Amino acid sequence: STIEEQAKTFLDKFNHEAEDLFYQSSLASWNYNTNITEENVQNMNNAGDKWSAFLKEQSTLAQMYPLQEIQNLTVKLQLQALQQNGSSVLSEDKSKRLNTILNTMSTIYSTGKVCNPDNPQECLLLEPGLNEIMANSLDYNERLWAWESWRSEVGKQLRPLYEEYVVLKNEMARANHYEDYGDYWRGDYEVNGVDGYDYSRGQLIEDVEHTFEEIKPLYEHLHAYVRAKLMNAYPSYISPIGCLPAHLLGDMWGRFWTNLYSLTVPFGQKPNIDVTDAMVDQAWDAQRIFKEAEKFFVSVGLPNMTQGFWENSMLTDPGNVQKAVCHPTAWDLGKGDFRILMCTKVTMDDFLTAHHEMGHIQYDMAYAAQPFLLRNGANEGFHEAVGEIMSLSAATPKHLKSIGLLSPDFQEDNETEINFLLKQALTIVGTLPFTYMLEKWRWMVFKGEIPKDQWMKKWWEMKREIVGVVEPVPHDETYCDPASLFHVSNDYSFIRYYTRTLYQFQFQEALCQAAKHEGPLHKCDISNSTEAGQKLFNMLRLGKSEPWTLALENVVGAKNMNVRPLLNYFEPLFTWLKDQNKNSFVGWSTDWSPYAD
Amino acid sequence: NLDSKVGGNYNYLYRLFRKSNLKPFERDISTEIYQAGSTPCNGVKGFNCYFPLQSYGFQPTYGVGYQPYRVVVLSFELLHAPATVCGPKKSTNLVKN
């Protein structure tokens, strides 16, 4: 008679129907990604529309069960996602035009290209074409031609499409009783219903701003170290107290600095750790790469992989006849069907990637016992963070000497480890200010604090303050930098990258304290230790059925994000960078410009 | 390797909802629509009216744990009727003298 009995009955039947259609929808996308055919492209759209319209029909009956009469926490969380009508709250005209803008901006990004200024006949697409050239290009003009001319025909062209993208998504949040569309992405961390663990949506703005303050002293020493190496090339354009150019960051948008690791090597007279030449002599194929990584999950106490997982894996691309996307991705269909689509070559990166791709599958096995609505990560940052901590333990010299890749006589000292910590810092440290910059910019534009004319005025002004990057060529309001980005144009969460760094280092410090490892943190290895796997397995099976603030306390004992594991893991590198930067100026100024002298 | 086929097998169903729990050794084939709340149903699907029978998705691609298992349950009951069924016997060799 109570609403709780009627709501639970709706959820018991919905979990079966939603799980059946989601499997066929994910299977149609699997056959389309592994094989390009005219039959699979129609099956993905057919099975995709059946599952998309299924949530729209069930959302009508979901809003008829108010959550005020439900005293159960697990029931309100399953109805929290079904209560939202999605795009049904928008008008019929704005709902149909919304999918058009998303498909148009995604098509222009895929079909966008920059013709060679020297060779007008040859025109190379961005991915892979322009993304590959910008990595190894040391030229000043060659990098500027591809970086500047892209946003001319893209950033300026996507501006009227980006203006409509802001207006349409703001009307959806207003009908959902949200302050703005920037608050919509902050609703993933929202926690209510438990005394003392409640987490407000507006708290994230103060959290990412406060944690970034303690990141500054670590980032200023690394930014000055990279600037000191590139100062001898162009002393006029690169000022010691100034900022680095935007096109020299190693790629188009400057997301990762790993491309600069070649020239930033502190000691070139010592060898580097590489398993590429070791796997060639051992004669290993794609079959035994995943097999050796599966034993890593057994040593920590986690279950092994099912027979259907290794049998259905796609280990290569059979030429151009049947084409598959080589971008590594872990696809979770349902009902115990686990598959991964990746092109596996023999490289040092594919070894660490195998632990990352299998980390998502191993993460899905713990909470697989939960209902379909309760199968998910506790947030958007826990998805990729679980796979990274598996790869961090594999990149350590201790794990490589265990299976026989690295020679046991390899000398491990400060000179070898500082070189390894710098490579990870370019990917880790360099990502945090860039992720905090662009995400905070989207929150300010979606809120309305920045007029349409000041979009680019505030973009580069706040860029020299955060990441310390200045534009070689000044841009007007016509250009849009985020419009060309993959995540912004495809409407994907950009905040998951910032919080991932803080969540993965907390778990790295907690698991090494449970296994009683001594010494620096980068020397820790979780292999052969079953004590740390048991404490982690408790949280992995919870998913989002429990508050992420409560599940985080069961591992690291912290109720929020903390920078302490970020400083301790980079502490050996922070002490070395401080001594080398004494002859230079630590920090940068925002009043310096390459075209203003 | 037998029941599951490509595309799914909807022939095998199950009763998801019932007003109460079944008694031991009871079989209920009734297709009557289950009524969750006080809203009248009258055989028409709608709000608080659900069709109890649901389908088992069967394909070879599903994981091993959820693969369908054919279960044969033998019910052993000793009544006051004369016993007939017994275990298999064993015949030995015959010797004389």
Q: Mind listing the long-range amide H neighbours of A:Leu333? Cut-off is under 5 Å, sequence gap 5 or more, other chains count too, H placed in the peptide plane at 1.01 Å from N.
A: A:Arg339
Q: Give the long-range amide H neighbours of A:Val469: residues separated by 5 or more places, or on another chain, with amide H under 5 Å away, using H modelled in the peptide plane at 1.01 Å from N.
A: A:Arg464
(Q) With the cut-off at 1.5 for a/c, could you classify segment A:276-367 from its C-alpha gyration tensor as rounded, prolate or oblate? (A) oblate
Q) Across the residues of A:13-23, average count of Cβ atoms on other protein chains within 10 Å? A) 3
Q: Can you spot the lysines whose alpha carbon is less than 20 Å from A:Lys457's alpha carbon? Ignore those fewer than 8 places along the same chain.
A: A:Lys156, A:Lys440, A:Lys447
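Of A:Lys96/B:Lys5; A:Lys295/A:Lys335; A:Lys295/B:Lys5; A:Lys423/A:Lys463, which sit over 28 Å apart, Cα to Cα? Working shown, then result.
Numbers: A:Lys96/B:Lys5 38 Å; A:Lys295/A:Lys335 24 Å; A:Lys295/B:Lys5 32 Å; A:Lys423/A:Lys463 23 Å.
The pairs that break the limit, which is 28 Å between Cα atoms, are A:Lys96/B:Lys5; A:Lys295/B:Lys5.
Across the residues of A:433-441, average count of Cβ atoms on other protein chains within 10 Å? Don't skip to the end; give the middle numbers.
On the way: counts 0, 0, 0, 0, 0, 0, 0, 0, 0.
Mean shielding count: 0.
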Q) Shape of chain A from its Cα gyration tensor (a ≥ b ≥ c, root eigenvalues): rounded if a/c is under 1.5, otherwise prolate when a/b > b/c, or oblate? A) rounded
Q. Stokes-Einstein D for segment A:85-232 at 25 °C, 0.890 mPa s, Kirkwood Rh over Cα pairs, in µm²/s?
A. 124 µm²/s
(Q) Under a crude label model (7 Å from the Cα following the beta-carbon direction), how far is A:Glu449 from A:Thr530 in nanometres? (A) 5.3 nm
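Could you list A:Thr111, A:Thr306 in order of exposure, starting from the residue whose Cβ has the fewest other Cβ atoms within 10 Å?
Numbers: A:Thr111 9, A:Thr306 17.
The fewest-first ordering by Cβ neighbours comes to A:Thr111, A:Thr306.
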Q) Hey, can you rank A:357-364, A:103-110 by average C-beta count inside 10 Å, highest first? A) A:357-364, A:103-110
Q. How much length is gained on full extension from A:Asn131 to A:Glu179, taking 0.36 nm per residue of separation minus their Cα-Cα distance?
A. 13.5 nm
**Q.** In Hz, Karplus ³J(HN,Hα) per residue of segment A:492-502 (6.51, -1.76, 1.60; θ = phi - 60°; x = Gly, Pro)
**A.** 10, 5, 8, 7, 5, 7, 6, 6, 4, 4, 6
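Using a/c under 1.5 as the rounded threshold, could you call segment A:160-254 rounded, prolate or oblate? The axes a ≥ b ≥ c are square roots of the C-alpha gyration tensor eigenvalues, and prolate needs a/b larger than b/c, oblate otherwise. Could the numbers behind the result be given before it?
Working: a/c = 4.65, a/b = 1.79, b/c = 2.60.
Cα axes put segment A:160-254 in the oblate bin.
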Q: Calculate one ³J(HN,Hα) per residue across segment A:108-115 by plugging θ = phi - 60° into the Karplus curve 6.51 cos²θ - 1.76 cosθ + 1.60, and present them in order as whole Hz with x for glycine and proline.
A: 5, 5, 7, 8, x, 7, 10, 6
Q. Amide H neighbours of A:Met314 under 5 Å, counting only residues 5+ apart in sequence or on other chains, H built in-plane at 1.01 Å?
A. A:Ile340, A:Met342
Q) How large is the convex hull of the Cα atoms of segment A:345-478 per residue, expressed in Å³ as a whole number? A) 201 Å³
Q. Going by Cβ distance under 4.7 Å, what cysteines of chain A have no possible disulfide partner?
A. A:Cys243, A:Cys480
Q) Under the rule that a partner needs its Cβ under 4.7 Å from the first Cβ, which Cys of chain B have none? A) B:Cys86
Q) Roughly how many nanometres apart are two label points built 7 Å out from the Cα toward the Cβ at B:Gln67 and A:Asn272? A) 4.6 nm
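Any idea what diffusion coefficient segment A:3-148 gets from Stokes-Einstein, in µm²/s, Kirkwood Rh on alpha carbon pairs, 37 °C, 0.692 mPa s? Write out the running numbers ahead of the final one.
Details: Rh = 19.6 Å.
Once the numbers are plugged in, D ends up at 167 µm²/s.
Kindly provide the helix-only [θ] at 222 nm of chain A, computed as the sum of -39,500 (n - 2.57) over DSSP H runs of four or more divided by all residues, to the nearest 500 deg cm²/dmol? Can you show the working numbers first?
Working: 25 runs with 325 residues, N = 597.
Result for chain A, helices only: -17500 deg cm²/dmol.
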(Q) What number does segment B:31-97 give for Rg over Rh if you use C-alpha atoms and the Kirkwood radius? (A) 1.37
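Quick note: the coordinates plus some simple rules give every number you see, no bench work behind them. Note that we place each Cβ from the backbone using ideal geometry, even for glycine, and neighbour counts take in every protein chain shown.
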